[PDB]
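Below is the file data-v6.csv, which contains CSV, C-alpha atoms.
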chain,number,residue,atom,x,y,z
A,1,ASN,CA,119.3,239.6,268.8
A,2,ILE,CA,120.1,236.2,270.2
A,3,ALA,CA,118.0,233.8,272.1
A,4,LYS,CA,120.7,233.1,274.7
A,5,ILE,CA,120.5,236.8,275.8
A,6,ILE,CA,116.9,236.2,276.7
A,7,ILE,CA,117.5,232.8,278.4
A,8,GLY,CA,119.8,234.6,280.8
A,9,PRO,CA,117.2,236.6,282.6
A,10,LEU,CA,114.5,234.1,281.7
A,11,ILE,CA,116.3,231.3,283.6
A,12,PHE,CA,117.5,233.5,286.4
A,13,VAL,CA,114.0,234.8,287.2
A,14,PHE,CA,112.4,231.4,286.5
A,15,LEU,CA,114.8,229.3,288.7
A,16,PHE,CA,114.8,232.0,291.4
A,17,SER,CA,111.1,232.3,291.3
A,18,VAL,CA,110.7,228.6,292.0
A,19,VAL,CA,113.3,228.5,294.7
A,20,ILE,CA,112.0,231.5,296.7
A,21,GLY,CA,108.4,230.6,295.8
A,22,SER,CA,108.9,227.2,297.4
A,23,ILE,CA,109.2,228.9,300.7
A,24,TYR,CA,105.7,230.4,300.3
A,25,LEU,CA,104.4,226.8,300.4
A,26,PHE,CA,106.8,225.4,303.0
A,27,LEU,CA,105.9,228.1,305.5
A,28,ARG,CA,102.2,227.0,305.1
A,29,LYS,CA,103.2,223.4,305.4
A,30,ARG,CA,103.1,222.0,309.0

Starting from the file, lay out its structure as structure tokens.
Amino acid sequence: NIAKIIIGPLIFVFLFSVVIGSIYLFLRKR
């Protein structure tokens, strides 16, 4: 297999997790 193939979902879930996750903190912030 290739590493890139793994980077695809790895970066998609990683980047997305951070983005969406950021809201979890923002909402708490006041």

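Atom to atom, atom CA of residue A:6 and atom CA of residue A:19 stand 19.9 Å apart.
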
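When atom CA of residue A:20 is paired with atom CA of residue A:2, their separation reads 28.1 Å.
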
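One finds atom CA of residue A:24 at 25.0 Å from atom CA of residue A:7.
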
Can we get stretch 9-22 of chain A of that structure written down with N, CA, C and O atoms, as a tab-separated table (two decimals), in the first residue's frame?
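File produced: decode-v3.tsv:
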chain	number	residue	atom	x	y	z
A	9	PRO	N	-7.53	10.19	4.51
A	9	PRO	CA	-8.50	10.15	5.61
A	9	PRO	C	-7.91	10.65	6.92
A	9	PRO	O	-8.62	11.17	7.78
A	10	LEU	N	-6.60	10.49	7.08
A	10	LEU	CA	-5.91	10.93	8.28
A	10	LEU	C	-5.95	12.45	8.42
A	10	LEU	O	-6.19	12.98	9.50
A	11	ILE	N	-5.72	13.14	7.31
A	11	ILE	CA	-5.74	14.59	7.30
A	11	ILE	C	-7.17	15.13	7.29
A	11	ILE	O	-7.46	16.16	7.90
A	12	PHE	N	-8.06	14.42	6.61
A	12	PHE	CA	-9.46	14.82	6.52
A	12	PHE	C	-10.11	14.78	7.90
A	12	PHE	O	-10.82	15.71	8.29
A	13	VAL	N	-9.88	13.69	8.63
A	13	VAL	CA	-10.45	13.53	9.96
A	13	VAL	C	-9.73	14.40	10.98
A	13	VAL	O	-10.33	14.92	11.92
A	14	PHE	N	-8.42	14.57	10.79
A	14	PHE	CA	-7.61	15.38	11.69
A	14	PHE	C	-7.98	16.85	11.57
A	14	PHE	O	-8.31	17.50	12.57
A	15	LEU	N	-7.91	17.38	10.36
A	15	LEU	CA	-8.24	18.78	10.11
A	15	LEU	C	-9.68	19.08	10.50
A	15	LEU	O	-9.96	20.08	11.16
A	16	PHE	N	-10.59	18.21	10.10
A	16	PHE	CA	-12.01	18.38	10.41
A	16	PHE	C	-12.24	18.33	11.91
A	16	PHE	O	-12.98	19.15	12.46
A	17	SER	N	-11.61	17.37	12.58
A	17	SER	CA	-11.75	17.22	14.02
A	17	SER	C	-11.40	18.51	14.74
A	17	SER	O	-12.10	18.94	15.66
A	18	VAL	N	-10.30	19.13	14.33
A	18	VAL	CA	-9.85	20.38	14.93
A	18	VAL	C	-10.84	21.51	14.67
A	18	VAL	O	-11.22	22.24	15.59
A	19	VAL	N	-11.24	21.65	13.41
A	19	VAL	CA	-12.19	22.69	13.03
A	19	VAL	C	-13.48	22.59	13.85
A	19	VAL	O	-13.81	23.50	14.60
A	20	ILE	N	-14.19	21.48	13.69
A	20	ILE	CA	-15.44	21.27	14.41
A	20	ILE	C	-15.21	21.30	15.92
A	20	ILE	O	-15.96	21.94	16.66
A	21	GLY	N	-14.16	20.62	16.37
A	21	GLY	CA	-13.85	20.59	17.79
A	21	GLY	C	-13.69	21.98	18.38
A	21	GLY	O	-14.07	22.22	19.53
A	22	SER	N	-13.13	22.89	17.59
A	22	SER	CA	-12.92	24.26	18.05
A	22	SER	C	-14.22	24.86	18.59
A	22	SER	O	-14.21	25.63	19.55
